[PDB]
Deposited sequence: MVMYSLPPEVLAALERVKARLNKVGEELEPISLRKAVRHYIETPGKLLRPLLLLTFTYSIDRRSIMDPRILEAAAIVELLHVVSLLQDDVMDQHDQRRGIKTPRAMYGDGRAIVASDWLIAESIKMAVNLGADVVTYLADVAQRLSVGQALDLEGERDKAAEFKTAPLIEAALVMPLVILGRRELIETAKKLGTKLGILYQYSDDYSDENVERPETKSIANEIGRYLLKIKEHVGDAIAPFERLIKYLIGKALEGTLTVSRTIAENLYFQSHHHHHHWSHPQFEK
């Protein structure tokens, strides 16, 4: 990716590394930080920073944009911790989970602590951002309930897609480019459904990328590559 995005991503990583740094008791801090400290892909923050750079290169190092990327990664951590408890997971890709190592109680309380932290950070981004994240959370909750209730098809859109779309929507709300929201939402949702795993899914994504390109033009390159590259995997 572009050097500027990589640099942004480093600030985000440094910001995430401070979360819970002095949290007490220690059992809570470890449960909170496990998924911050274990090596991850940082898909969501990356999608957000690259989408920003593509739409407004100037705003890449904007403090609100960096904080938003951190927020979306913290909400992803909350989802991991909760899924571990829902599904009683002992491992997540070869690595023992917080619930396995520290109990379900600590895992739950750490997700609560992180939701509050996410909210504290979101407040600075304004009321529209806070309300939107809360709507996102209610969609994820509904999806989990739908899955527990035996409706994998109805739960597909609400299962993990909301965070991916939030990665694309937050920068739009923050920067004021509301005209791209409806498409960014649509794309994020398709990207999300694809992620859980099918030919025309990477086709629509192609179209929505098209519409977006008709708005920002070629400045969309970096983001198109990432999507396309992410597209190739599937």
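**Q** What residue ranges of the deposited sequence are absent from the coordinates?
**A** In sequence order, the gaps with no modelled C-alpha are 1-5, 203-215, 253-285.
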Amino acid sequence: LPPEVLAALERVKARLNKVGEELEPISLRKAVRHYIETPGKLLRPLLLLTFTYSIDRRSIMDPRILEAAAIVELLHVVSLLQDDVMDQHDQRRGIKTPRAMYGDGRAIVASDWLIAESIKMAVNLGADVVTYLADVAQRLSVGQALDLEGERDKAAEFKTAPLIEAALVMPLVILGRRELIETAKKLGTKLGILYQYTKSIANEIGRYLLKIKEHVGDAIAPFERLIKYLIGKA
From here on, numbers count along this sequence of modelled residues.
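**Q** Determine, for stretches 76-84 and 150-158, which one has the higher mean CA B-factor as deposited.
**A** The stretch with the larger average C-alpha B-factor is 150-158.
**Q** Would you tell me which stretch averages the higher CA B-factor in the PDB entry, 42-50 or 23-31?
**A** Mean C-alpha B-factor is greater for 42-50.
**Q** Taking the Cα B-factors listed in the entry, which of 205, 167, 66, 172 comes out highest?
**A** Max CA B-factor in the entry, restricted to 205, 167, 66, 172: 205.
**Q** For the chain shown, is the CA B-factor of residue 96 in the lowest, middle or highest third of its modelled residues?
**A** Its C-alpha B-factor, which the entry lists for residue 96, ranks in the middle third among residues of this chain.
**Q** Of the three thirds of its chain by CA temperature factor, lowest, middle or highest, which one includes residue 16?
**A** CA B-factor rank for residue 16: lowest third.
**Q** Among the chain's modelled residues, which third holds the C-alpha B-factor of residue 187?
**A** CA B-factor rank for residue 187: middle third.
**Q** Name the third of the chain's ranked CA B-factors that contains residue 193, choosing lowest, middle or highest.
**A** For residue 193, the deposited C-alpha B-factor lands in the highest third.
**Q** Which third, lowest, middle or highest, does the CA B-factor of residue 201 fall in along this chain?
**A** Its C-alpha B-factor, which the entry lists for residue 201, ranks in the highest third among residues of this chain.
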